[PDB]
Structure formats: C-alpha cells, structure tokens
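Notes follow the structure.
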Amino acid sequence: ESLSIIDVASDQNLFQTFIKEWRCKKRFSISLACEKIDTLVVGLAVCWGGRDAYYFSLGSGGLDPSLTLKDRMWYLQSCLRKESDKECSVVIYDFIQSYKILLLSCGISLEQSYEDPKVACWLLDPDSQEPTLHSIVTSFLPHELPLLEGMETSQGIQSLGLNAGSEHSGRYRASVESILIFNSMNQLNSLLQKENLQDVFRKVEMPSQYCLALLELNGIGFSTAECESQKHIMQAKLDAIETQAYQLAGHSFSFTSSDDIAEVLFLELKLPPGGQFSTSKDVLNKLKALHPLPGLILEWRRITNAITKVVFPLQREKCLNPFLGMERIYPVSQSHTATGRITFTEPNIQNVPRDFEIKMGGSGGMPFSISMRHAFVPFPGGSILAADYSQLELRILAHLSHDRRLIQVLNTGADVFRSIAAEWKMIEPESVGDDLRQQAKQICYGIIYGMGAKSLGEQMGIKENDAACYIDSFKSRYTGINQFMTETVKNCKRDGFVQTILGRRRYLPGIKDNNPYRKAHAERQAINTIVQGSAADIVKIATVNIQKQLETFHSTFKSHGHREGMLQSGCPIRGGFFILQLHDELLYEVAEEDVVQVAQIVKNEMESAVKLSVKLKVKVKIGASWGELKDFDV
DNA sequence: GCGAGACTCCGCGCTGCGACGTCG
DNA sequence: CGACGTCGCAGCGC
Ligand SMILES: CN(C)C[C@H](O)CN1CCN(c2cc(C(F)(F)F)cc(C(F)(F)F)c2OC(=O)N(C)c2ccc(F)cc2)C1=O
Ligand SMILES: Nc1nc2c(ncn2[C@H]2CC[C@@H](COP(=O)(O)OP(=O)(O)OP(=O)(O)O)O2)c(=O)[nH]1
Ligand SMILES: [Mg+2]
C-alpha cells in the first residue's frame, strides 16, 4: 500500500480493463505529465481512490503496439468528456493551465465538472498564502509528505506533473500528484460543506476559473503600430517637458531623484515647504498652483510611467496569432486575492492608463489625446464590447445599509464624483475633468472606507481640521451608511470574520487587537471586504452566466484556442470572446453579426446576476477599440 | 518562539526603476 | 570603476 503505478498502456488487455473501470467512476483526479524536449505531454495519471495511480502513457517502448497513439487519444477524449446527463467530477491541480495544455498540446477539450484544490484552499481562507502541492500535503496529508520529500518542484505554484523543469520522470511526478490531490480534495470538500461553501465552489468559483481559461486562450487583440505611434508622441512631449523644466530650475536635475526635486522646489525655488521636503503626488498637486515646475514633474511621471511600464511591456509580450492575422497579448489571470476580485499578470492589462491629454507645439500647444487603450483592438472585422456595472459598490452599500440618502443619490442624483469636486473646488460640476473627477473618486471611497482627516487634508490641499469637517458632514448626511459600518465592526469583533453576499468569509483577527493601528486597519478591512468582495461575487456570477448562455448557440466557439484547433482538424468567426475583466466591467471580443445578440445577453445576465433591493444598472459600450468605445443602446 | 517600534490609520492590486551592496 | 543583484517604492489600474 505504497505508490503503485499501473502502466495501463503496456498491455492491451490491461488497458481495456482500465478504460472499463475509468468509465464507471463518477469522481477521479488527473495529473498531466509534461517534459522538456517543451510543452510535451508524455502522459497523464488517473486516480480514483487509495494510493493507486494509473499512468496512461501518451508516447514508452514497453507499450503494446496495438495501442496506437491515435487509439489512445480516442480513449483519452472519450473518458474526459461527458454525455451531458451523467455528472462526473475531475480533480485537477492548477486546472486552468492543465485545461489549456490538454487543448493546445493534445487537442482535447475537457467537458466535465472540475475541482481545483488550489481554489478550494483560497475559498476557505482568502488571505492564506497561495497554495503549493507541498502546502496542501503539509496541511491535509502530512503523513504523505515523504512522497514529495524528494520532489522539489512541490513547493512551487506550478503543478507537479506540469513542471517540466525537474530531474524526476514525468511518470513519477504525475502519479504522485494524482493520489495526493485526489485525497486532499476529498478533505477540502468536507471542509467546504462544513463551511457551507461547496455550492459557491462548484457553481461560481470553479466555473469562474473555466471562464478565465477561455480568456487566457483568447488573449486580447493588440495593435503594435498604434502603441508605437503613441510612444513617439509621448517621448517628444517628454523631451520638451525636460527642456522647459531645466530652464525653470536654471539647471539640469533628475526627475527620478527625490532629492534633486526637493532641492529645486524647496531649497532653491523657496516653494512652500509643507515631515517636509516630500515630492509626493499630493504635495505636487498643491504646489502646481503656485509654480509651473510641480505640474511638469507630475506630467513627466505620468508619461514616463506610460512608456516604461506600459509601452515596453506590451510590445515585449505581444505574440502573433496567425489564424486571426493579428498580434495579441496573453495575460495570466490571478484569483487568489483577499476579496475575490480577479487580477492579471505578465502583463497586467488592468493597469493600462486612462485617457490623458498632452499639449504639444508652440503658442500654448495644441491638445492631443493619449489613449493607450486604443491600442487594444478586436480581430479584423470585429468589435469590442464593454458592459459596466454602474456604481456597483455604491449600490451594494445601499442594499446593505438601506441609507435612503445614498439610494436617492443613486436613483435620481447626478454623478457623485463630479458633485464632490464641485463642493470641494467651488466650481461647476460640468467643468470637472477626468483628472479632477478621479481625485474626487478616491476622496469619495476613501472617506466611505475610513480615511482620516490628516490624509484627506493632504489629498484636498487643506489642513487636518478643515478636512475633519468634510468627514463629519458625510457621517451626518449618511447615517444609514454610518450605522452599517458600526454594525459591521461589531459583528466582526464577535465572529472574527466578515461575509460577502455569497457567504465567503475573510478572517480578520486584528479586529480584537489592542494596538490602535492594527485594530483600525482590521475595522476598515471588515467594511471594505464586505462591499468590494460582494462586488467581486456579482461580477463572477455574471461572467459564468454569460458564458453559459453564449454556449447555447451552436455557432459559438468556446475560445480562439478551440476554433484554431478545429481549423487544423471553414469557420467564420462568430460569438463573443471573453478578453478582460475590470472589477466592475467585462470586455468581450464579438463578431459583427452577433454584436447585438451578445450585447443583449451580457446586459440581461448582468442585470439579473443577483437580486438586491437596488437595481443593478448596466451600460454597454461597443467600439473599434478599448479606447474608442461608444454607447450602445442594446 | 516572542512581538520592539514609537514605525504603521481608505481598500484591493501589479511591476520597472532607483538606492544601496556586492563580487571581481 | 562596472556589471550584475535585490528588495521596496511609487507609479499606475479599479
Ligand atoms: C445629493 N444631495 C444634493 C447632496 C449633495 O450631493 C452634497 N454632496 C456632495 C458630495 N456628497 C457625497 C456623497 C457621497 C455618496 F453619495 F457616495 F454617499 C459620499 C461623499 C463622501 F464620501 F465623499 F463624503 C460625499 O461627499 C460629502 O458628503 N462631503 C461632505 C464632501 C464633499 C466634498 C469633498 F471634497 C469631501 C467631502 C454629497 O452628499
Ligand atoms: N477603496 C477604494 N475603492 C476604489 C477606489 N477606486 C476604485 N475603487 C473600487 C470601488 C469602485 C470600483 C470600480 O470603480 P471605477 O472607477 O471602475 O467605477 P466608479 O467608481 O463607479 O466610477 P465610473 O462609473 O466613472 O467608472 O473600484 C479607491 O480609490 N478606493
Ligand atoms: Mg464603474
């Protein structure tokens, strides 16, 4: 009763006994064995109980030649795909990557109900460290840790069998993993039921992982010439900014040096020094009204960020898609977050700057709009669809607090953020530009989620006591919100956690800390996690339900990764392809024929993802790029 | 294995560059 | 003195 690896493809009789038993199993685990040569799948291990790992070789030599590779590929797809009336669950460590490797390297599209123990670990504690196979075995199967004691890829985030960079055979890594993750996932399912989170796991979180796998196979379209065009414009503005700045300072300085900037502004120019000599964005936002140089430093930092942190990473990661005839970006989704919202890495498409303006040329300069999102384009002939939850966290705060004033501002009032800048600056709400509106937006959510008066004063260019009047006024105006905050802190001090709309718990032991810094931090986390975490739940429910509806149409492809395998073994592009998620907004790449059908499916499924005491307002915008979106009435 | 400090008081998140160190 | 290295910040996003 140790690791028994059964090489099922070594004897044709043993293989048909294996296929027979496999087709009876309602639950099993698989672990892809991948080696270098490379995304070479040399086989997979299946486990449906105990310490038996049935290794299905997809390569060798000791295999029965009567089992051709194409024969073995037929049985592999037959056992990994459903008949749509039989419920069958597959346990897969790192399901997203395995799903993509199976499709792209083996031509097999998984068609069952999936369970990733990594996702289960996050669901039970969202602040836990990102799980590794070692951590899951250390936690749940500590007796089995010797099996991995030799394995050193175990403490990595990547699946054991998927880690081709290992001196161990893929057969042994996959076999070990299949047994460990099968029994671990059984423990994790008992914990999910104990916490009443298994329906969230099976109906929301795992299907959410399925949608992100389609997104990662799709990628997002990217125009290299559009991005290169903006870099030249920006770099010319940067050269002019540096020239004008050095004339104002009377000498050359380093924009990247906080000391040179502090010396010029305060030591030389004698600008109000404000514990001081700080070159922060808050300090320069106030000083830019007195002298032009602070504003030039802010513009220099904005453009340098766009060039060094956006332009070059995007052109670094662009890949050619020969089937669509375009370049695309393929980011990696990340769902192990504190509040359950999805982010992206390599590169982080969510960080693409909003549109900004640069004046160039003589005589005050003519305006030019830098829209880096305009570089993200659909496939030739398609459109980008952008449906957005209007004021999601504010409507969730209204549903949970029943604050009649907030509900009134949402249903009838004008834009809150523009009205905040108006009362702040004593100006018209229409005169508020996007930069000022963004300042008022952070002021809004900052005050709501517990910002102090010292920081609010540094953000508003006023002193701490005048900012305290703004905070005190908000509490006076919005007592329903303030009582929801008092009640949330109280219930978190009693329970040790807070809950989202779906029941997910975030544990905040600092709520009972005596140090006032740690206590207040947990108190603000408690209020924010409930709202932001519930917003993340709703967007996930909508993403899953939209994908379920798009696949009811036979013309639809699951992803570009699927269709480009069906072109390799006469497919006009159809349907909408999930390309990006923006915390309260979903982007889709849709064919022109189905631009209206997908737009109606997206809006209706978003507006009815959950039922709240406040309606979920959704606005759909379609355009020829992420940056050139126009309203679409749907 | 404990929990200094006076350091830390909107929340969530990713990453290229700069500041200070190191090998040679 | 230079190349290469490492960790955290401060820039941007929601
Ligand atoms: C609808 N009526 C006609 C009322 C009319 O709009 C009056 N205003 C204007 C803004 N505003 C408001 C609204 C909300 C939200 F709707 F989201 F609940 C939140 C804040 C918050 F959080 F920023 F304080 C708000 O700002 C404030 O209340 N103050 C005191 C404030 C103003 C400016 C500033 F720079 C800092 C604070 C509000 O009620
Ligand atoms: N705590 C906090 N949450 C923020 C902040 N900025 C954004 N968020 C969260 C709450 C709202 C959510 C989405 O914000 P967006 O800016 O995309 O949307 P919005 O705030 O409703 O404005 P708009 O409709 O103009 O996009 O992200 C911030 O500064 N602090
Ligand atoms: Mg929004």
Side-chain angles (χ1 to χ4, degrees), chain A residues 126-127 254-261 278-284 297-314 316-317 331-356 370 372-373 388-389 391-394 397 417 435 438 441-459 464 467 470-471 474 485 498 500 506 508 510 513-536 539 580-587 626:
Chain A
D127 282 312
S254 173
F255 285 85
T256 62
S257 176
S258 174
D259 295 12
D260 301 355
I261 292 183
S278 168
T279 72
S280 69
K281 178 170 146 62
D282 275 351
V283 171
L284 298 181
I297 296 173
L298 286 174
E299 196 169 6
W300 185 99
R301 292 175 174 169
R302 167 175 238 169
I303 297 169
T304 293
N305 176 86
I307 291 180
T308 67
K309 298 259 205 300
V310 190
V311 172
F312 290 129
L314 289 182
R316 184 193 66 209
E317 301 289 331
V332 173
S333 73
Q334 309 287 347
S335 301
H336 196 101
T337 58
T339 63
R341 53 197 233 162
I342 297 148
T343 189
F344 298 93
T345 61
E346 306 162 60
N348 184 9
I349 303 297
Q350 287 184 337
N351 279 348
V352 177
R354 305 166 65 88
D355 298 8
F356 62 100
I370 300 302
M372 300 213 60
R373 294 168 173 180
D388 172 70
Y389 277 121
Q391 312 139 107
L392 185 54
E393 283 193 23
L394 296 169
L397 181 57
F417 307 136
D435 290 357
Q438 286 295 106
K441 178 184 297 181
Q442 300 215 283
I443 290 173
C444 188
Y445 293 118
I447 292 169
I448 285 174
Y449 293 122
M451 186 189 200
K454 184 184 185 66
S455 294
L456 181 62
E458 292 164 5
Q459 250 200 259
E464 179 176 345
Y470 291 96
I471 296 177
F474 166 77
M485 284 159 42
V498 295
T500 65
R506 189 187 184 187
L508 299 161
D513 213 317
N514 312 128
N515 182 256
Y517 288 74
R518 306 163 202 162
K519 186 190 176 200
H521 179 51
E523 293 177 342
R524 302 187 297 265
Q525 286 174 307
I527 292 149
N528 178 263
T529 292
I530 294 188
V531 182
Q532 183 187 113
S534 300
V539 179
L580 184 57
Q581 195 240 57
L582 283 161
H583 298 301
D584 67 347
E585 174 163 53
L586 295 170
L587 298 196
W626 185 13

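Just so you know, these numbers use all the heavy atoms, side chains as well, and skip hydrogens, waters and symmetry mates. Chain letters run A, B, ... following the sequence lines, proteins first and then strands; every chain starts at 1.
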Measure distances between side-chain N and O atoms of [X] and base N and O atoms of [N], and say whether any donor-acceptor pair falls under 3.5 Å.
X      : N      : value
A:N528 : B:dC10 : no
A:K309 : C:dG11 : no
A:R506 : B:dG11 : no

Among A:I527, A:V531, A:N528, A:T529, side chain to side chain contact (heavy atoms under 4.5 Å, CB included) partner for A:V498: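 For A:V498, the side chain to side chain contact (heavy atoms under 4.5 Å, CB included) test succeeds with only one of A:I527, A:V531, A:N528, A:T529, which is A:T529.
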
As a test of reading torsions: judging only by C1'-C2'-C3'-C4', is the sugar of [N] on the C3'-endo (north) or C2'-endo (south) side?
N      : result
C:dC9  : south
B:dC7  : north
C:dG5  : south
C:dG11 : north

Distance check needed: [N] [atom2] versus [X] [atom1], whole Å only.
X      : N      : atom1 : atom2 : value
A:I342 : C:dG13 : CD1   : P     : 21 Å
A:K281 : C:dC12 : NZ    : P     : 6 Å
A:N348 : C:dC12 : CG    : P     : 15 Å
A:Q350 : B:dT15 : CD    : P     : 11 Å
A:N305 : C:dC9  : CG    : P     : 17 Å
A:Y517 : B:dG5  : OH    : P     : 14 Å
A:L456 : B:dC10 : CG    : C1'   : 10 Å
A:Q442 : C:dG13 : CD    : P     : 9 Å

Quick check: does any side chain N or O of A:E458 sit under 3.5 Å from a backbone N or O of A:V283, one acting as donor and the other as acceptor? no

Under a 3.5 Å distance rule, please check whether A:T345 uses its side chain to pair with a backbone N or O of A:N348 as donor and acceptor.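 No, A:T345 side chain to A:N348 backbone: no donor-acceptor pair under 3.5 Å.
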
NA contact type, [X], heavy-atom cut-off 4.0 Å: base, sugar-phosphate, or nothing?
X      : value
A:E523 : nothing
A:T529 : nothing
A:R518 : base
A:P516 : base
A:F344 : sugar-phosphate

Check whether any side-chain N or O of [X] sits under 4.0 Å from OP1 or OP2 of [N], and answer yes or no.
X      : N      : value
A:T339 : B:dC12 : no
A:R316 : B:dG16 : yes
A:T308 : B:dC17 : no
A:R524 : B:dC9  : no
A:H521 : B:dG11 : yes

With rounding to whole Å, what would you report as the distance between B:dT8 and C:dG8 at their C1' atoms?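 Here B:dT8 and C:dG8 have their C1' atoms 16 Å from each other.
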
If the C1' atom of C:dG13 is compared with that of B:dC7, how far apart are they to the nearest Å? 28 Å

Please assess A:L392 against A:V539 for the test side chain to side chain contact (heavy atoms under 4.5 Å, CB included), listing each intermediate value before the final yes or no. CA-CA 9 Å; A:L392 185 54; A:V539 179; 3.8 Å; yes

Among [options], the one nearest [X] by side-chain distance:
X      : options                : answer
A:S257 : B:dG5, B:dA19, C:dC12  : B:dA19
A:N515 : B:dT8, B:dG11, C:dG13  : B:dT8
A:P353 : B:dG13, B:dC10, C:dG13 : C:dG13
A:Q525 : B:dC12, C:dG13, B:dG16 : B:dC12
A:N351 : B:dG16, B:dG13, B:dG11 : B:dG13

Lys/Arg-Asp/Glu bridge criterion (N-O < 4.0 Å) met for A:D355, A:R373: no

Check the pair A:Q525, A:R506 against side chain to side chain contact (heavy atoms under 4.5 Å, CB included), reporting the backbone distance first and the verdict last. CA-CA 9 Å; A:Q525 286 174 307; A:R506 189 187 184 187; 3.4 Å; yes

Side chains of A:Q532 and A:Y445 only: does a donor on one sit below 3.5 Å from an acceptor on the other?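 Judged by distance alone, the side chains do not pair up.
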
Applying a 3.5 Å limit to both distances, which nucleotide forms a Watson-Crick or G-U wobble pair with B:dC20? C:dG5

Sort out the partner of B:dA4 for me: Watson-Crick or G-U wobble, both distances under 3.5 Å, none otherwise.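 Because no pair has both required distances under 3.5 Å, B:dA4 counts as unpaired.
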
Start with the C-alpha gap between A:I448 and A:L394, add the side-chain angles, then the distance that decides, and say whether side chain to side chain contact (heavy atoms under 4.5 Å, CB included) holds. CA-CA 10 Å; A:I448 285 174; A:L394 296 169; 4.0 Å; yes

